[PDB]
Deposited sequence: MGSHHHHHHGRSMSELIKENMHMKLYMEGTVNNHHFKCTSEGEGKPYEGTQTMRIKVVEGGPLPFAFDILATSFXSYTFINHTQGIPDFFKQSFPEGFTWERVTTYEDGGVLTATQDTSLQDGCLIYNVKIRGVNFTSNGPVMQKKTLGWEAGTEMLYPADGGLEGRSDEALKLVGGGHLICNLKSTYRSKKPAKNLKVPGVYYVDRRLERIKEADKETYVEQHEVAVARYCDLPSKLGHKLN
C-alpha cells in the first residue's frame, strides 16, 4: 500500500506573525503505523524569528498517527489523492494563528505545503519575548463533520518561570479522495507528545519529534 512502514516527508512553510514575514523548509521521516516522526527544520527567510518557534510546532503531519483498534484512518485512506487541514489557534492572551495545509504524495514522498497567518500577539507577552519552553502532551478530539472531520483540543505552552499559557485549536480535515471510496470514522481521540529535540542559532535550525496514537474511549459504557 501507498503508506509504507517508513515514510519520508518534505515541507514548505511561509507566512507572517504580527507582520514579521518568514519561510521554512524541513525534511523528515517516521513510522506512520507506530505513530512516530522526526523533522529537521530550517528557517530560510526572515530568521532569526522574533517570536517563539513553539507557536509554529503544530503546523509542521497526520499520516504519522498510530490509528489503533478499529479506527478508520481518514488520513492514510486519503492517498493517492491526499488531504488538507486548516486550523485556528486562539491563545488565551490574545494571539490568533491560522494555518492552512496541503498534504500530497509524490514519488513515494509526502509533501506538505503550509501557510501561516498569526496576528495580535502582545509585544511584551511570552510568545513575542520568547519566554516559552515547549508544549505539554495533549489530547485532540475528532468527529465527523461535512463529509470530513473536525478536531478540537486545548494545548498548554510551558513558560519560563513555570506556569502555562493555554490555547484552543479548531481544526478541519478534508480528504481529496471521492466520498464513495472513503470510510470516515466516528468520534475518537488522539493523544500526542510533541517535543523539540534540539535547536541551533536562535531556532534557525530545529529538530522536532512527535509521538501520536489514536484510540476510542476505553471506559465502560452504561448505555
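Novice: Just jot down which stretches of the deposited chain sequence have no CA coordinates, in the order they come.
Specialist: Unobserved in coordinates, per deposited numbering: 1-14, 75, 239-243.
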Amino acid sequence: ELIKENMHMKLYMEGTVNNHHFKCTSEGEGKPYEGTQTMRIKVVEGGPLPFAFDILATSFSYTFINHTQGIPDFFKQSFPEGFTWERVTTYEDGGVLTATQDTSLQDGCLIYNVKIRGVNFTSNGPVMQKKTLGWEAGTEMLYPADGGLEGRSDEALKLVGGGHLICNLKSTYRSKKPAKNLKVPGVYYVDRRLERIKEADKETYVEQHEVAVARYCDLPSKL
From here on, numbers count along this sequence of modelled residues.
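Novice: Can you let me know which of the two, 37-45 or 151-159, has the higher average C-alpha B-factor in the entry?
Specialist: According to the entry, 37-45 carries the higher average C-alpha B-factor.
Novice: Quick check: 84-92 versus 68-76, which has the larger average CA B-factor in the record?
Specialist: Higher mean C-alpha B-factor: 68-76.
Novice: Whose CA atom has the top B-factor in the entry, of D102, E140, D146, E136?
Specialist: Across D102, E140, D146, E136, the entry lists the biggest C-alpha B-factor for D146.
Novice: Would you mind finding, among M13, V213, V17, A200, the residue with the largest C-alpha temperature factor in the entry?
Specialist: Highest CA B-factor of the listed options: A200.
Novice: Among the modelled residues of its chain, does the C-alpha B-factor of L165 lie in the lowest, middle or highest third?
Specialist: Its C-alpha B-factor belongs to the lowest third of this chain's values.
Novice: For the chain shown, is the CA B-factor of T132 in the lowest, middle or highest third of its modelled residues?
Specialist: It falls in the middle third of the chain.
Novice: Which third, lowest, middle or highest, does the CA B-factor of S123 fall in along this chain?
Specialist: Within its chain, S123 is a highest-third residue by C-alpha B-factor, going by the deposited values.
Novice: Can you work out whether the C-alpha temperature factor of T98 puts it in the lowest, middle or highest third of the chain?
Specialist: Lowest third - that is where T98 ends up once the chain's C-alpha B-factors are sorted.
Novice: In terms of the CA temperature factor given in the entry, to which third of its chain does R193 belong: lowest, middle or highest?
Specialist: Answer is lowest: the recorded C-alpha B-factor places it there.
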